[PDB]
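For reference, the structure discussed in these notes is given below.
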Amino acid sequence: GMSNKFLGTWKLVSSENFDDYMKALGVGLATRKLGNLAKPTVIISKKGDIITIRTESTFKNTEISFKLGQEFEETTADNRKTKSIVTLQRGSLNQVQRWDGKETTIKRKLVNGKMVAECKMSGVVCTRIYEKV
Ligand SMILES: CCCCCCCCCCCCCCCC(=O)O
Ligand SMILES: [Cl-]
């Protein structure tokens, strides 16, 4: 299933077009000002068939535990309450979030030993790169 190369503790090192992505989610300015300044660290772990993705930052922390391909309630860092699913496509980890008839996706794939996360919303595209510790 999911590559054990994902398991570990990743540190963000680059964000591209994050603001426009947050605006597309309806995030207020003042909140964005801190989001753009944030440098989260992501911890991915598994217990059996359950995967957990934790996000730690000075501003907000998050955590989702899920089985692949099974819908699950999620609370995003901007406090959206979504019905999310995580799929596996060509070794990429694709998280979708549905709420209020709106929809966003966060695709996570490994590239040359780095985790790359693409966030798409209303045509906007974010690209955040993480480095293993
Ligand atoms: C995780 C930092 C929180 C920033 C402040 C909340 C506003 C943004 C909420 C949605 C961001 C989702 C992007 C996740 C991308 C990643 O894997 O780093
Ligand atoms: Cl931080």
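Numbers here mean position along the shown chain, with the first residue as 1.
Yeah, the Cβs are placed from backbone N, Cα and C, and that goes for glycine too.
Annotation comment: Swiss-Prot describes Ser3 as N-acetylserine, evidence class experimental evidence. Long-range Cβ contacts of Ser3 (N-acetylserine) within its own chain (separation 6+, distance under 8 Å): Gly91, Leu110. Under DSSP, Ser3 (N-acetylserine) is assigned to coil, being neither helix nor strand in the three-state scheme.
The Cβ neighbour count for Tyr130 (hexadecanoate binding site), using a 10 Å radius and every protein chain shown, is 20. Swiss-Prot lists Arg108, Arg128, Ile129, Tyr130 with the feature hexadecanoate binding site.
According to Swiss-Prot, the feature (9Z)-octadecenoate binding site maps to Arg108, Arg128, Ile129, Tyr130, an assignment based on similarity to another entry. Spatially close to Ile129 (hexadecanoate binding site) yet at least six residues away along the chain are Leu12, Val13, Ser14, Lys114, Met115, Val116, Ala117, judged by Cβ distances under 8 angstroms.
Annotation comment: Swiss-Prot describes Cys119-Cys126 as disulfide bond, evidence class experimental evidence. Sequence-distant contacts of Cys126 (disulfide bond), defined by Cβ-Cβ distance under 8 angstroms and a gap of at least six in the same chain, are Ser15, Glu16, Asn17, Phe18, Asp20, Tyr21, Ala117, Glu118, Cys119, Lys120.
In sequence order, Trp10, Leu12, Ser14, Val42, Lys114, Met115, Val116, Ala117, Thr127 are the same-chain residues whose CB sits within 8 A of the CB centroid of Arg108, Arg128, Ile129, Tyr130, the residues recorded for hexadecanoate being left out. Counting only same-chain residues at least 6 apart in sequence, those with a Cβ under 8 Å from the Cβ of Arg108 (hexadecanoate binding site) are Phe6, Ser92, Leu93, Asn94, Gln95, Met115, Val116, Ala117.
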